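A quick write-up on the structure given underneath.
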Amino acid sequence: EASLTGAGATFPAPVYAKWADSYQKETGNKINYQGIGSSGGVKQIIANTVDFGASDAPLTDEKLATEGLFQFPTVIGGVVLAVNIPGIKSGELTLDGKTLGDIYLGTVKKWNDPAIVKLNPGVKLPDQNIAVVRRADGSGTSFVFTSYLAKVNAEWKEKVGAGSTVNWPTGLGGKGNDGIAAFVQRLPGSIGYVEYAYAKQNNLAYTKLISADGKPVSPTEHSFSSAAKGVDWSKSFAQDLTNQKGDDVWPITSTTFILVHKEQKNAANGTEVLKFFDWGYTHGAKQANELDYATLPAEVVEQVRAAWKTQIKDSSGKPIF
């Protein structure tokens, strides 16, 4: 029936693609998603070139208002550090916030650095340089990653800060989560940050991290979900889920957003866009979990739906949902 186009964040692309496939088989509706990074997604929706935009980085309530946009969270994922080190398998290496920051600051340049050795007793670390990989494009994953680094590394917060784009102290630039996954896979001694699904679907070895509570944790649907435990979304959908306290909390976790115009020039398309994501909330949980994405609390889902009812309307001012 419908034929929609959306563009933006690659962070949730794997699940959006799976949902789109399942949705089309069940309803006939076709949703095409272009993974061009969060920054590009925002520009495209504002330029009215797609039906919806996708960004992992929230837009300020101010800009949303000015641009006449509405944003809502869909799922919760996690950013992991994929590495390519001789003899190192997934989970065998552990890094903490401070040392991860120093690695991206370029002050820790070798895998057998004293700080890494200290974090990994009994692990055979090679005498080889670290090949740092970061994002070349405006990225929501970068926003999450750097927001986290700014919390755990004072030097990083002062010199680099956080953003969808920053002035990187060092490292190779890769395009999209796929680009970083490709470089890590091809470069010995490399490290690159990617949303969990990208490490898993490409069989990349990832590291464990030290939670805010100071305990070693592994990236899983549970450690991602745990970051949102006790979080209050009633006042703002733009919740920060980085370095959250609690048992088994993955430190680099985040939700992701969909952007649509408050006034839908094409009423039908707008209605079908919301129906797709409503399907994701209602019937996509199992497929999201299969791809290791945690789902939003049902409570918040109802909050999003209530918001759709009053914030999204057609050109004649009538509700589209």
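Residues are referred to by chain and number: the chain letter is A, B, ... according to the order shown in the structure tokens, the number counts from 1 in that chain, and ligands are numbered separately from 1 in the order shown.
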> Do you know which residues are at most 9 Å from stretch 188-192 of chain A counting only C-alpha atoms, after dropping those on the same chain fewer than 4 positions away, and could you put them as an MDAnalysis selection string?
Replying inline: chainID A and resid 80:86 110:111 126 128:135 180:181 183:184 206
> Please, which residues of stretch 52-288 of chain A, numbered as in this document, come out strand (DSSP E or B) from DSSP, as a ChimeraX atom specification?
Replying inline: /A:52-55,69-83,94-95,110,129,131-135,172-174,190-195,205-206,208-210,216-217,242,252-261,263-264
> Leaving out stretch 285-290 of chain A and any residue of its chain fewer than 4 positions from it, which residues lie within 9 Å of it when counting only C-alpha atoms, given as a list in words?
Replying inline: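 Everything that qualifies: residues 14, 15, 16, 18, 19, 75, 221, 280, 281, 294 and 295 of chain A.
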Can you write out the residues you just picked, keeping N, CA, C and O atoms, as a compact mmCIF listing (two decimals), in the first residue's frame?
# COMPACT_ATOMS: atom_id res chain seq x y z
N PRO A 14 19.97 -1.83 11.56
CA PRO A 14 19.68 -3.27 11.50
C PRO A 14 18.27 -3.64 11.96
O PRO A 14 17.61 -4.46 11.33
N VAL A 15 17.81 -3.05 13.06
CA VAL A 15 16.47 -3.37 13.54
C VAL A 15 15.39 -2.69 12.69
O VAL A 15 14.33 -3.27 12.45
N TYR A 16 15.65 -1.46 12.23
CA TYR A 16 14.66 -0.77 11.39
C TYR A 16 14.48 -1.55 10.09
O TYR A 16 13.38 -1.61 9.54
N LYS A 18 14.94 -4.86 9.73
CA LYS A 18 14.23 -6.11 10.03
C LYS A 18 12.74 -5.83 10.22
O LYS A 18 11.90 -6.55 9.69
N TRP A 19 12.42 -4.78 10.97
CA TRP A 19 11.03 -4.40 11.20
C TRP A 19 10.35 -4.11 9.86
O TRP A 19 9.24 -4.58 9.60
N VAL A 75 14.13 2.52 20.24
CA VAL A 75 14.77 1.42 20.93
C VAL A 75 16.02 1.87 21.68
O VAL A 75 16.42 3.03 21.61
N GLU A 221 21.58 -7.32 25.73
CA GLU A 221 20.28 -6.67 25.76
C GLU A 221 19.98 -6.28 27.21
O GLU A 221 19.35 -5.25 27.47
N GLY A 280 6.27 -1.35 15.44
CA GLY A 280 7.52 -1.70 16.08
C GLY A 280 7.38 -1.83 17.59
O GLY A 280 7.94 -2.74 18.21
N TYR A 281 6.63 -0.91 18.19
CA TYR A 281 6.41 -0.92 19.63
C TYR A 281 5.57 -2.13 20.06
O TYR A 281 5.87 -2.81 21.04
N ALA A 294 17.35 -3.24 23.28
CA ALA A 294 16.38 -3.30 24.37
C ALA A 294 15.20 -2.44 23.93
O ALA A 294 15.36 -1.53 23.12
N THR A 295 14.02 -2.73 24.45
CA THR A 295 12.83 -1.98 24.08
C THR A 295 12.50 -0.90 25.12
O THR A 295 12.94 -0.97 26.26
>> Quick check for you: according to DSSP on this backbone, which residues of stretch 21-75 of chain A are classed as helix (DSSP H, G or I)? Reply as a ChimeraX atom specification.
In response: /A:21-27,38-46,61-67
Identify, on the basis of only C-alpha atoms, every residue whose closest approach to stretch 39-52 of chain A does not exceed 10 Å; exclude the query and any residue fewer than 2 positions from it along the same chain; express the result as a PDB file with C-alpha atoms, in the first residue's frame.
ATOM      1  CA  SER A   3       5.830   3.461   0.037  1.00  0.00           C
ATOM      2  CA  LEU A   4       7.838   5.476   2.559  1.00  0.00           C
ATOM      3  CA  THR A   5      11.395   6.785   2.775  1.00  0.00           C
ATOM      4  CA  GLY A   6      13.383   7.541   5.907  1.00  0.00           C
ATOM      5  CA  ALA A   7      17.049   8.411   6.421  1.00  0.00           C
ATOM      6  CA  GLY A   8      19.609   8.966   9.154  1.00  0.00           C
ATOM      7  CA  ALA A   9      21.268   7.020  11.968  1.00  0.00           C
ATOM      8  CA  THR A  10      22.984   3.737  11.170  1.00  0.00           C
ATOM      9  CA  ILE A  31       9.522   1.378   4.232  1.00  0.00           C
ATOM     10  CA  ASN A  32      12.888   2.270   2.688  1.00  0.00           C
ATOM     11  CA  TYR A  33      15.591   3.374   5.107  1.00  0.00           C
ATOM     12  CA  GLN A  34      18.857   5.081   4.134  1.00  0.00           C
ATOM     13  CA  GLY A  35      21.677   4.890   6.672  1.00  0.00           C
ATOM     14  CA  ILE A  36      23.529   8.160   6.130  1.00  0.00           C
ATOM     15  CA  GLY A  37      24.292   9.056   9.743  1.00  0.00           C
ATOM     16  CA  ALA A  54      16.508   9.360  12.370  1.00  0.00           C
ATOM     17  CA  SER A  55      19.087  10.627  14.854  1.00  0.00           C
ATOM     18  CA  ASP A  56      20.723   9.100  17.939  1.00  0.00           C
ATOM     19  CA  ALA A  57      21.519  12.607  19.172  1.00  0.00           C
ATOM     20  CA  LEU A  59      17.514  17.819  19.113  1.00  0.00           C
ATOM     21  CA  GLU A  67      11.905  23.651  12.822  1.00  0.00           C
ATOM     22  CA  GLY A  68       8.399  22.412  13.555  1.00  0.00           C
ATOM     23  CA  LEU A  69       9.597  18.895  14.325  1.00  0.00           C
ATOM     24  CA  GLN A  71      10.988  13.513  18.072  1.00  0.00           C
ATOM     25  CA  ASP A 137      30.548  11.557   9.139  1.00  0.00           C
ATOM     26  CA  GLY A 138      28.252  13.530  11.444  1.00  0.00           C
ATOM     27  CA  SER A 139      27.322  10.727  13.806  1.00  0.00           C
ATOM     28  CA  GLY A 140      24.881   9.990  16.598  1.00  0.00           C
ATOM     29  CA  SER A 164      28.201  14.415  16.574  1.00  0.00           C
ATOM     30  CA  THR A 165      31.469  15.770  15.206  1.00  0.00           C
ATOM     31  CA  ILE A 258      12.759   9.477  14.859  1.00  0.00           C
ATOM     32  CA  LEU A 259      12.013  12.963  13.550  1.00  0.00           C
ATOM     33  CA  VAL A 260       8.802  13.954  11.780  1.00  0.00           C
ATOM     34  CA  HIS A 261       7.128  17.261  10.955  1.00  0.00           C
ATOM     35  CA  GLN A 264       2.320  16.726   7.585  1.00  0.00           C
ATOM     36  CA  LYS A 265       1.994  18.063   4.039  1.00  0.00           C
ATOM     37  CA  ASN A 266       1.240  14.480   2.985  1.00  0.00           C
ATOM     38  CA  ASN A 269       2.429   9.266   4.405  1.00  0.00           C
ATOM     39  CA  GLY A 270       2.531  10.779   7.879  1.00  0.00           C
ATOM     40  CA  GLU A 272       1.673   5.403   7.630  1.00  0.00           C
ATOM     41  CA  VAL A 273       4.973   6.496   9.189  1.00  0.00           C
ATOM     42  CA  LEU A 274       3.452   6.465  12.668  1.00  0.00           C
TER      43      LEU A 274
END
> Residues at most 7 Å from stretch 226-241 of chain A, counting only C-alpha atoms, excluding those fewer than 2 positions away in the same chain, as a list in words?
Replying inline: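 These residues fall inside the cut-off: residues 58, 72, 73, 222, 223, 224, 243, 244, 248, 249, 250, 253, 254 and 300 of chain A.
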Selection to disk with N, CA, C and O atoms, as a PDB file, in the first residue's frame:
ATOM      1  N   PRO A  58      19.696  13.680  20.397  1.00  0.00           N
ATOM      2  CA  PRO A  58      18.432  14.413  20.515  1.00  0.00           C
ATOM      3  C   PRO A  58      18.575  15.856  20.052  1.00  0.00           C
ATOM      4  O   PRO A  58      19.649  16.442  20.168  1.00  0.00           O
ATOM      5  N   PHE A  72      10.688  11.252  18.884  1.00  0.00           N
ATOM      6  CA  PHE A  72      10.330  10.214  19.842  1.00  0.00           C
ATOM      7  C   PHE A  72      11.344   9.078  19.772  1.00  0.00           C
ATOM      8  O   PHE A  72      11.866   8.771  18.705  1.00  0.00           O
ATOM      9  N   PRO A  73      11.653   8.459  20.921  1.00  0.00           N
ATOM     10  CA  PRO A  73      12.611   7.353  20.999  1.00  0.00           C
ATOM     11  C   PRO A  73      11.977   6.037  20.558  1.00  0.00           C
ATOM     12  O   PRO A  73      10.787   5.821  20.777  1.00  0.00           O
ATOM     13  N   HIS A 222      20.449  -7.100  28.150  1.00  0.00           N
ATOM     14  CA  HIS A 222      20.217  -6.831  29.562  1.00  0.00           C
ATOM     15  C   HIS A 222      21.060  -5.678  30.099  1.00  0.00           C
ATOM     16  O   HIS A 222      20.554  -4.842  30.844  1.00  0.00           O
ATOM     17  N   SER A 223      22.344  -5.635  29.745  1.00  0.00           N
ATOM     18  CA  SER A 223      23.193  -4.555  30.232  1.00  0.00           C
ATOM     19  C   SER A 223      22.790  -3.221  29.606  1.00  0.00           C
ATOM     20  O   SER A 223      23.014  -2.162  30.197  1.00  0.00           O
ATOM     21  N   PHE A 224      22.187  -3.267  28.418  1.00  0.00           N
ATOM     22  CA  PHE A 224      21.731  -2.039  27.769  1.00  0.00           C
ATOM     23  C   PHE A 224      20.446  -1.603  28.470  1.00  0.00           C
ATOM     24  O   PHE A 224      20.299  -0.446  28.879  1.00  0.00           O
ATOM     25  N   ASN A 243      27.095   5.952  31.234  1.00  0.00           N
ATOM     26  CA  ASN A 243      27.693   5.733  32.551  1.00  0.00           C
ATOM     27  C   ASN A 243      26.688   5.783  33.698  1.00  0.00           C
ATOM     28  O   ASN A 243      26.867   6.523  34.666  1.00  0.00           O
ATOM     29  N   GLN A 244      25.636   4.975  33.592  1.00  0.00           N
ATOM     30  CA  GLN A 244      24.604   4.928  34.626  1.00  0.00           C
ATOM     31  C   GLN A 244      24.973   3.945  35.735  1.00  0.00           C
ATOM     32  O   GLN A 244      25.543   2.881  35.478  1.00  0.00           O
ATOM     33  N   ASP A 248      25.180  -4.550  36.545  1.00  0.00           N
ATOM     34  CA  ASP A 248      25.234  -4.902  35.131  1.00  0.00           C
ATOM     35  C   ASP A 248      24.788  -3.802  34.168  1.00  0.00           C
ATOM     36  O   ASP A 248      24.062  -4.067  33.209  1.00  0.00           O
ATOM     37  N   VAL A 249      25.222  -2.571  34.409  1.00  0.00           N
ATOM     38  CA  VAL A 249      24.846  -1.481  33.518  1.00  0.00           C
ATOM     39  C   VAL A 249      25.940  -1.199  32.484  1.00  0.00           C
ATOM     40  O   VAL A 249      27.069  -0.842  32.836  1.00  0.00           O
ATOM     41  N   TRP A 250      25.613  -1.380  31.206  1.00  0.00           N
ATOM     42  CA  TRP A 250      26.580  -1.101  30.149  1.00  0.00           C
ATOM     43  C   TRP A 250      26.752   0.419  30.121  1.00  0.00           C
ATOM     44  O   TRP A 250      25.790   1.157  29.908  1.00  0.00           O
ATOM     45  N   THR A 253      25.526   3.307  26.654  1.00  0.00           N
ATOM     46  CA  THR A 253      24.198   2.960  26.171  1.00  0.00           C
ATOM     47  C   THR A 253      23.432   4.207  25.754  1.00  0.00           C
ATOM     48  O   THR A 253      23.710   5.300  26.240  1.00  0.00           O
ATOM     49  N   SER A 254      22.465   4.033  24.858  1.00  0.00           N
ATOM     50  CA  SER A 254      21.663   5.154  24.388  1.00  0.00           C
ATOM     51  C   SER A 254      20.420   4.709  23.636  1.00  0.00           C
ATOM     52  O   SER A 254      20.348   3.588  23.126  1.00  0.00           O
ATOM     53  N   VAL A 300       6.411   4.423  28.539  1.00  0.00           N
ATOM     54  CA  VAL A 300       6.911   5.473  27.656  1.00  0.00           C
ATOM     55  C   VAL A 300       6.275   5.376  26.267  1.00  0.00           C
ATOM     56  O   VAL A 300       6.020   6.394  25.618  1.00  0.00           O
TER      57      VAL A 300
END
> Which one is closest to residue A:105: A:202, A:177, A:316, A:170? Count only C-alpha atoms.
Replying inline: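 Once distances to residue A:105 are computed over only C-alpha atoms, the minimum belongs to A:170.
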>> Using only C-alpha atoms, which protein or nucleic acid residues come within 12 Å of residue A:155? Drop anything in the same chain fewer than 6 positions from it, and give the result as a ChimeraX atom specification.
In response: /A:97-107,149,161,169
> Nearest to residue A:212 among A:23, A:148, A:293, A:70, with distances taken over only C-alpha atoms: which residue is it?
Replying inline: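 Of all the options, A:148 lies closest to residue A:212.
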> Taking into account only C-alpha atoms, which residue in the set A:252, A:95, A:116, A:320 is nearest to residue A:144?
Replying inline: A:252
>> Using only C-alpha atoms, can you tell me which of A:113, A:96, A:127, A:299 comes closest to residue A:213?
In response: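 The closest residue to residue A:213 is A:96.
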>> Between atom CA of residue A:291 and atom CA of residue A:143, what is the distance in Å, rounded to a tenth?
In response: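 Those two atoms sit 21.7 Å apart.
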> Which distance in Å separates atom CA of residue A:1 and atom CA of residue A:17, to one decimal?
Replying inline: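 Atom CA of residue A:1 sits 17.9 Å away from atom CA of residue A:17.
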> What separation in Å, quoted to one decimal, exists between atom CA of residue A:284 and atom CA of residue A:304?
Replying inline: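 For atom CA of residue A:284 relative to atom CA of residue A:304, the distance reads 15.9 Å.
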> With distances taken over only C-alpha atoms, which of A:307, A:312, A:20, A:172 is nearest to residue A:2?
Replying inline: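 Using only C-alpha atoms, residue A:2 sits closest to A:20.
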